[PDB]
Amino acid sequence: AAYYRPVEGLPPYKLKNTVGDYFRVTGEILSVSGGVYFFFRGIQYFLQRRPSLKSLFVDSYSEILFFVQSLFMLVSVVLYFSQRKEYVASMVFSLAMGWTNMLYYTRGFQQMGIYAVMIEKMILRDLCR
Amino acid sequence: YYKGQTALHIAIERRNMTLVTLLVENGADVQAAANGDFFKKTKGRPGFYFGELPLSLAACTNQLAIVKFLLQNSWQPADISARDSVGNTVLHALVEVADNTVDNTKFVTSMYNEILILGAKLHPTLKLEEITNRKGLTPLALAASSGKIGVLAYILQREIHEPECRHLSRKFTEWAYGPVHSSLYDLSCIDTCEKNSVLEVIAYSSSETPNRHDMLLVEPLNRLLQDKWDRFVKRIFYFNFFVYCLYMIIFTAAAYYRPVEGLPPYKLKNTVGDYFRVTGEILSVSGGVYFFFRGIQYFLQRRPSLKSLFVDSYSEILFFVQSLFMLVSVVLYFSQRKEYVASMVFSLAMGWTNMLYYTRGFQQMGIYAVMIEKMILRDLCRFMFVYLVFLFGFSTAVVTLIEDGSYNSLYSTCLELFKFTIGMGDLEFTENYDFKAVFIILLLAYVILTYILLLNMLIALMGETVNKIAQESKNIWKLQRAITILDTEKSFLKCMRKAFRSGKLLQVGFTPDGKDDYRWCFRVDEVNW
Amino acid sequence: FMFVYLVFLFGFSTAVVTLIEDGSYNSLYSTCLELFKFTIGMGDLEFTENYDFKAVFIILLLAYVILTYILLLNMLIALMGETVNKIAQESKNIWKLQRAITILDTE
Ligand SMILES: CCCCCCCCCCCCC(=O)O[C@@H](COC(=O)CCC)COP(=O)(O)O[C@H]1[C@H](O)[C@@H](O)[C@@H](O)[C@@H](O)[C@@H]1O
Ligand SMILES: CCCCCCCCCCCCC(=O)O[C@@H](COC(=O)CCC)COP(=O)(O)O[C@H]1[C@H](O)[C@@H](O)[C@@H](O)[C@@H](O)[C@@H]1O
């Protein structure tokens, strides 16, 4: 849906009598639905735990990252309807994080999960130094 | 169900010697058909994998009194050679129960020696140790195939220094000169047992045997493999390496000087170069066919499963795949196509790469190549997923961020972001495009995540893996040399028997019958005090 | 090392040079050079244009880069690390011997 976005100015953009626009808008709707789902999952996670700052940013990274992805997607929706071009700038960030968040699923696979958690720990303990 | 669980079985099982003695004296039979589904193998489910014979229970429970008591029954004598549903005897039972631990090895070794010597004394005419089960395995071959390294280590070098018992020994010390001792090993059924020798079963296992790497380190087998290496296999292997190198050179020369016209085939002329070229092509295709049939012969003589095919025998697969590519090239060459070049070059690249197969037989090079193979298989399946996730995510992000009425394609952007791995990234490969700050942020985030963090983590993890495979590489190289030796002697291309060790040497000169014995003893010199 | 590396370099050099030909990078020396450059961080990935079987050419180069640049050159570092960790004392012994030889010759 993102890669085939239109290249005109000042969204939103209307559907035509072709078939491509229907596939594109279908993809956009499914994408935004996914973003909303992850938004509410993040809220449900927070409410059922209520961790503090000293526990929130040292644990539960994956939930934070998925929530952040959904935030970017929603900001993109707001800008898309708000007659702005910058909806692109938010959307791509979400897209990038979305693909990166694929690594969350390496858990459940022994070797891949050990590899991915080692990478996460060598990111947190490293860049700050 | 617990079919055949007679009172004697329970008395032995509960370690109640009083009940066992009373039941045996009362006339309880030994040949119990303890064939209940509980008493069968497949111990993963609830069951008892070494039943179907009370002698098997008596020996497997480490109680010498019961087995010594059943030698001379009051009513019905026991028979050590009694066989269960799958042909296993007491000795096979003693092999199967082992778990390769020091204490268990001590108990199983003790019971094995005692039961074997008692059976020999009771029936000197019967060679209990040579009896095979339904699969055609002796207890030695069973221990080797199944993975019972401890029992194998015992059996291959057991000895008894007593009159009328030394003839059962494997190891001897016939001569000594002060500190020097000239040990002998009979080593029957190691070089050949006419169906399945110890080396054959260890080397050609299904890869599930836990100790196939460690079994070849034992005292007699390592020396045998070294002797066969030094004797004749070294020369044949180096000769094969030389011939293969010449084959690859001819193939490369044929490929490089291919014609540059369209729509093959192309006819010979009255010049001289065309004859050399077509000669090289014919030799190349002949080599491809040879490797094709070698691959098939390897498959048919093994029939491994998918879970064993793609975790073992990589070299045979690679040589076969080379053959497939060359044959596809031949088909396209005659089919009036240009695409034969593609398959030919893939074959050529794989042939030169497969040149590394021959580093076995050279100590340091072979260890090096084994480490490379293991650190390819273990590392790419872990690394490339992570790397491709990052590359694809940022490629799609950048390519969908930039667009005009040149880098509008995901392929080109994937390439330009790949270049950052090989030290040729630009950091500026577009201009006047919208959202310049976002573009720069994305590229810098990609560079930090991939170039600065991920590749260095790859190096560090490869360091750890290297530290943890110093020994597995040595064992695997020894195993590869073992495979080479066994294959070379098995084929040998002349139908000659050169695998013999020392001839029919008069090791013992004694049997229970009034006869001598020749046992193909192999000599080993050692020095100690 | 150089045996393994030269096997890879020569195999892929011959593959690429026999894949491309016309009536500039069509010689074995130049192609061996251009594939050597990938070790020192100056590979192009696109050093020929309009040549037949573009997909095969790209597959070959990418396979070469992965096999050599990303796996082999890093493995060299890892193995050197192991050997360096394991020759720390042998180095001291050999240096003492070298000084002993120097002393004996001078005396
Ligand atoms: C603009 C473009 C930006 C792209 C940014 C990309 C960031 C890197 C992406 C990293 C991908 C992996 C991932 O996203 O998942 C990782 C989190 O990696 C990070 O730390 C990112 C730091 C930043 C695991 O997440 P998790 O929530 O499982 O953490 C575990 C807890 O669950 C558990 O209770 C335990 O406490 C355990 O010790 C915890 O680890
Ligand atoms: C288009 C261009 C593509 C070029 C592709 C090139 C691939 C890399 C080339 C690798 C060169 C080395 C080689 O080809 O030989 C290696 C195999 O390397 C690989 O794994 C390649 C993975 C892929 C050893 O082969 P081998 O059959 O001896 O395996 C041993 C068994 O014999 C033994 O029983 C034991 O199980 C032991 O643990 C096993 O190791």
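So for chain B, numbering is Swiss-Prot's, and the shown residues are 198-602, 626-749, in order.
Quick check of the header: electron microscopy, 3.7 Å.
Each residue, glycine too, has its Cβ placed from N, Cα and C.
Features of the protein shown, as given by Swiss-Prot:
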BINDING   B:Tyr511, B:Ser512, B:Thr550, B:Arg557  resiniferatoxin binding site
BINDING   B:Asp646  Ca(2+) binding site
MOD_RES   B:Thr370  phosphothreonine
MOD_RES   B:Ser502  phosphoserine
MOD_RES   B:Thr704  phosphothreonine
REPEAT    B:285-321  repeat 'ANK 5'
REPEAT    B:335-358  repeat 'ANK 6'
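Known features from Swiss-Prot, placed on the structure.
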| residue | record | Cβ within 10 Å |
| --- | --- | --- |
| B:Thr370 | phosphothreonine | 13 |
| B:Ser502 | phosphoserine | 10 |
| B:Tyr511 | resiniferatoxin binding site | 13 |
| B:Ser512 | resiniferatoxin binding site | 17 |
| B:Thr550 | resiniferatoxin binding site | 19 |
| B:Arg557 | resiniferatoxin binding site | 24 |
| B:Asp646 | Ca(2+) binding site | 10 |
| B:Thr704 | phosphothreonine | 22 |
Worksheet, complete the sentence: Widest Cα pair spacing in Å over the listed resiniferatoxin contacts B:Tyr511, B:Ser512, B:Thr550, B:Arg557 is 14
Discussion item. From the DSSP assignment alone, can you count helix, strand and coil residues within the repeat 'ANK 6' (B:335-358)?
Written reply: 15 helix, 0 strand, 9 coil
Worksheet item: C-alpha of the residue listed as 'phosphoserine' to C-alpha of B:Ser512 (resiniferatoxin binding site): distance in Å?
Response: 16
Worksheet item: Taking a Cβ cut-off under 8 Å, which residues six or more beyond the ends of the repeat 'ANK 5' (B:285-321) line up next to it in the same chain?
Response: 246-247, 249-250, 252-253, 256-257, 259, 261, 264-265, 268, 277-279, 328, 330-331, 334, 336, 339-340, 343-348, 351-352, 355, 357, 362, 365, 407-408, 732-733
Fill in: Shortest C-alpha distance to B:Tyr511 (resiniferatoxin binding site) - which of the recorded positions B:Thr370, B:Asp646, B:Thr704
B:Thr704
Response to the item:
The answer for which recorded positions (B:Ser502, B:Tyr511, B:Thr550, B:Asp646, B:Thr704) have a CB under 6 A from ligand 2 is B:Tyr511, B:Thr550
Practice prompt. Check the Cα-Cα distances from B:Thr704 (phosphothreonine) to the binding-site residues B:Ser512, B:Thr550, B:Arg557, B:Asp646 and tell me which is shortest.
Written response: B:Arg557
Worksheet item: Which residues, same chain and not among B:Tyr511, B:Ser512, B:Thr550, B:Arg557, have a CB within 8 angstroms of the centroid of the CB atoms at the recorded resiniferatoxin site?
Response: B:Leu515, B:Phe516, B:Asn551, B:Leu553, B:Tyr554, B:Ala566, B:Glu570
Fill in: Candidates B:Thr370, B:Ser512, B:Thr550, B:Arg557 (recorded positions) - the one closest to B:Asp646 (Ca(2+) binding site) by CA
B:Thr550
Worksheet item: Which ones, of the recorded positions B:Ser502, B:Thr550, B:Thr704, are Cβ-proximal to chain C (under 8 Å)?
Response: B:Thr550
Response to the item:
Cα nearest B:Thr370 (phosphothreonine) among binding-site residues (B:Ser512, B:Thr550, B:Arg557) -> B:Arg557
Discussion item. Through the lens of DSSP with three states only, how would you label B:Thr704 (phosphothreonine)?
Written reply: helix
